[PDB]
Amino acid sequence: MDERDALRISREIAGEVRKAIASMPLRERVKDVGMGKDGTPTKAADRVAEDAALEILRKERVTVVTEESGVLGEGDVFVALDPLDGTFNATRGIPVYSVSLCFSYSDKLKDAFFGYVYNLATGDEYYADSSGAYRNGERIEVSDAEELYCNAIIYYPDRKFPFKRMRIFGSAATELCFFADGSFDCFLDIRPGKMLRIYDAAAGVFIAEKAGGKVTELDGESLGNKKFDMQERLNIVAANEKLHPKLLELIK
């Protein structure tokens, strides 16, 4: 499998997940249907999205790490799948939620070769590969802001901060893409509980880095050894390389 295969696979999944969600009334979407392998409820919207995606991934030689069904398959290519990132928004009709996929040549983030996040409500397509990062077929890059007085996505502000704007949209994969395309100047997840899982973050991280972003853990450490499994957790500090160290100092 190469990056072209991954793009093709991702686009087919996006199409099937989009069709499955769009036809589901909010009343149905919001229903709990079971307990996910991640230890949070699987909503009916989560279930239909994952089935749509797994139906396609099942044909490939991959090991899938996915929120609801856990680790599936035995292939050498690892796929971190979030079949519906932003479930709360989807069940409320708030148009920020997406399907997220990151493909790696091992079970570690450093061997990632493809990232894909598709907004299921708007049809916006973000992806990145060896040639760079894209939004709807157009090359993107992070902003060049150097000041802390900037436009920040942050989970969660717990003190007075110097930002120009703070936003929290409820879809980490999509929000990492808002940072990747320069819509926002930085993305932070500094929750002490360390809540982000590998499938929430992996594609967004890969896309943001291809777009020029510097993206690390809380203390500046590389995310390269983050594992494609259900147990992995992440804090994220993401910004261009001039802003990034200021962000690190800010949160000490």
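Just so we're on the same page, rigid core means the largest C-alpha set that superposes within 1.5 Å between forms. Residue numbers here begin at 1 and follow the sequence given.
Stretch 50-58 versus stretch 223-231: after rigid core alignment, which one is farther off in C-alpha RMS in 6 other deposited structures of this protein? Of 50-58 and 223-231, the stretch deviating more in 6 other deposited structures of this protein is 223-231.
With respect to the recorded C-alpha B factors, which stretch has the higher mean value, 138-146 or 95-103? Looking at the recorded C-alpha B-factors, 138-146 comes out higher on average.
Residue with maximal Cα B-factor (values as given in the PDB entry) among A44, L218, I198, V205: Top of the list by C-alpha B-factor: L218.
CA B-factor ranking of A121, expressed as a third of its chain: Tercile = highest for this residue's CA B-factor.
By its CA B factor, does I56 count among the lowest, middle or highest third of the modelled residues in the chain? As the PDB entry reports it, the C-alpha B-factor of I56 lands in the highest third of its chain.
With respect to C-alpha B-factor, does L26 fall in the lowest, middle or highest third of the chain as deposited? CA B-factor rank for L26: highest third.
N151 - which third its CA temperature factor falls in, relative to the rest of the chain: For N151, the deposited C-alpha B-factor lands in the middle third.
Grab the CA temperature factor for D76 from the record and place it in the lowest, middle or highest third of its chain. Middle third by C-alpha B-factor.
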